[PDB]
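Here we start with a single chain on its own, the form deposited without the RNA, put down as structure tokens.
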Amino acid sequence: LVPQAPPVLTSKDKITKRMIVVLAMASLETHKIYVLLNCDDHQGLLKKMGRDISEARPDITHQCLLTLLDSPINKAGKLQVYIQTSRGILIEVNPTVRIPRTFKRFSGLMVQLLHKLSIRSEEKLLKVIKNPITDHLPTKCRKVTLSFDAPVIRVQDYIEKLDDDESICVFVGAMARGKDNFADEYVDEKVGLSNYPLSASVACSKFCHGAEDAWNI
């Protein structure tokens, strides 16, 4: 007894109250040898490039996207996802896009996106857009960064404290390790979800679950 075709939310809608997740510091870099650089397949190459092999982690972004887009909140049309790469590329993800389950085809899709600047259905399902993210977010929107070092909140508590017209944008480090400062230019609060450090995919899942509770999804 719920709407079977909810409105597809984009950055063009500045009003509708929604949850936004920004996958920040995403490790999405192309190389012709085209593939996404990753720590499992390109250890030798990354070493010769003088890179920290452990930083090449596109799999984290892949798993976060699957968790987020599979969620009840996404199907209910109350979720948006953006990607901010470690190299400053900003990507808007259409809620209806199908993300491949295998890493190989995910990499193939990301390579095409980063080279062509969009992925077409003629509507765009993935699009490279202009920084800063704040130019695209809903007019009334809370902005928070998830951090292990921050005080722990219950997601439902936090979501229920939003005004009826106020969206929430959550910045999540799409990384295994790193400092929580990636979105200090945009946010005015940092919060924790657990007394344990969480994988990015798990943090995404917990936040989706808590919003689903609060919004009766």
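Each residue number is its position in the shown sequence, starting from 1.
Omitted here: the form deposited with the RNA bound. The next part is about that form.
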If we take heavy atoms and a 4.5 Å cut-off, which stretch out of 129 to 137, 142 to 150, 77 to 85, 111 to 119 is in contact with the RNA in the deposited bound form?
111 to 119
Identify, from the list 60, 170, 28, 183, the residue with a heavy atom within 4.5 Å of the RNA in the deposited bound form.
60
So which of 200, 9, 193, 208 gets a non-hydrogen atom within 4.5 Å of the RNA in the deposited bound form?
200
Is every one of 24, 72 and 154 in contact with the RNA in the deposited bound form, taking contact as a heavy atom within 4.5 Å?
no
Would residue 99 show up as a contact with the RNA in the deposited bound form if we use heavy atoms at 4.5 Å?
yes
Does residue 162 reach the RNA in the deposited bound form, with heavy atoms at most 4.5 Å apart?
no
Any non-hydrogen atom of residue 187 within 4.5 angstroms of the RNA in the deposited bound form:
no
Does at least one non-hydrogen atom of residue 179 fall within 4.5 angstroms of the RNA in the deposited bound form?
no
